[PDB]
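Listed here are the chains, written in short residue letters.
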Amino acid sequence: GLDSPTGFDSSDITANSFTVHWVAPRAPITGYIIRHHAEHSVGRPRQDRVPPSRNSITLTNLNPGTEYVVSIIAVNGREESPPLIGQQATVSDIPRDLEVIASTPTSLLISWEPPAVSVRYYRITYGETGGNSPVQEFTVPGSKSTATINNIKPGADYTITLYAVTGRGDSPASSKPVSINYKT
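Residue numbers count from 1 along every chain, following the sequence as written rather than necessarily the entry numbering; any residue without coordinates is not displayed. Values reported for side chains reflect all heavy atoms of the structure, with hydrogen atoms and water molecules removed beforehand.

Q: Can you walk me through the sheet that holds strand β8 (residues 96–104) in this structure?
A: Either a parallel or an antiparallel arrangement is found when strands of a sheet pair, and the pairing is made through backbone hydrogen bonds. Two strands qualify as a pair provided that DSSP identifies no fewer than 2 bridges between them. For the purposes of this entry, the term helix denotes a DSSP run of H or I that reaches at least four residues, the term strand denotes a run of E that reaches at least two, and both are numbered from the N terminus. Pairing within the open sheet is antiparallel, and its three strands lie in the order β8-β9-β12. The two strands at the open ends of the sheet, each matched to only one other strand, are β8 and β12 (146–150). Taken over all neighbouring pairs, the strand axes of this sheet differ in orientation by 25° on average, direction set aside. Where strand β9 (residues 107–113) and β12 come together, five bridges link them in antiparallel fashion. The residue of β12 that forms the bridge with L108 is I149. Interaxial angles span 0 to 180 degrees and are taken between N-to-C directions of axes, which are lines fitted to C-alpha atoms, for helices over the stretch in contact.

The following block contains the structure:
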């Protein structure tokens, strides 16, 4: 009797928030009920409702970097349409694609994609063969998504690792660090 909304598409995805989009059926409806929750969510899914004129809903207060289950229900008062469920993953707090685009005997070029949250700066550590602990680190004023690494001993195994710091002062927290191995 009633067509269920579809054309489901996700975008405007944020770490703790992300937008969901769906098309509106061609039959008279009173609005859609939005229910969303993660697979590991509590047996009590969240309840979000949106007006019929709204086909996109922005979710917030969500765990960054997680697969969320979102369901859309079309209702026309006493009649209900077939449920619609899709899965969307919230971006990850840690940047990504930490790799080298250029390689020099004593230096290397690092490039990575900025996360989905504002970052004050990123911390990058230098990995020297046995310098497992005596690593050398430098900060990254989020000025560029790529940086250059210099002061590296040639012919020596190296490890490049970096930590991203967004909140600072009241709640200085860092995301899980990402590291890679590099031979010099």
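There is more to say, and it comes next.
Q: Just to check I follow, could you spell out the domain arrangement of the chain for this structure?
A: Frequently, the measure chosen for interface size is the accessible area that the parts lose on association. Boundaries between domains were set according to an automatic or database domain assignment. When its domains are assigned, the chain resolves into domain 1 (1–91) and domain 2 (92–184). Computed over C-alpha atoms only, the centres of domain 1 and domain 2 are separated by 37 Å. Two residues qualify as a contact provided that any one of their heavy atoms is within 4.5 Å of a heavy atom in the partner residue. Counting from both sides, the interface comprises seven residues of domain 1 and, opposite them, four residues of domain 2. A quick way to say it: buried area is the sum, across both parts, of accessible area lost when two parts are put together, with a 1.4 Å probe. Together domain 1 and domain 2 conceal approximately 360 Å² of surface at their shared face, both sides included; 62% is due to carbon and sulfur atoms. If you sort the residues of domain 1 by the area they bury against domain 2, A15, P64 and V91 come out on top, with a joint share of 81%. The rule for a salt bridge is simple: a side-chain nitrogen of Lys or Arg has to be within 4 Å of a carboxyl oxygen of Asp or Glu. Our count for the contact surface shared by domain 1 and domain 2 stands at zero salt bridges. Under this definition, polar contacts are N or O atom pairs within 3.5 Å; protein pairs additionally need one hydrogen-donor-capable and one acceptor-capable atom, and for neighbouring residues in sequence, both atoms have to be side-chain atoms. Between the two partners, domain 1 and domain 2, sit zero residue pairs in polar contact. For the side of domain 1 that touches domain 2, the per-class residue count stands at four nonpolar, three polar and no charged. Any residue that is not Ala, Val, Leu, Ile, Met, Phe, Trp, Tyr, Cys, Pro, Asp, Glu, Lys or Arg is counted as polar, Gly included; the first ten are nonpolar and the last four charged.

Q: When you look at the environment of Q136 in this model, what are you seeing that I'm missing?
A: Inspection of the secondary structure puts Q136 in strand β11 (residues 136–140). Only protein chains enter the accessibility calculation, which uses a 1.4 Å probe; a residue is then buried when its area is under 20% of its type maximum, exposed when over 50%, and partly exposed in between. Overall, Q136 belongs to the partly exposed group, its relative accessible area being 37%. Note: C-alpha distance between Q136 and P64 (72 residues apart in sequence) is 29 Å. Only 2.9 Å separates the side chain of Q136 from the side chain of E128, close enough to count as a polar contact.

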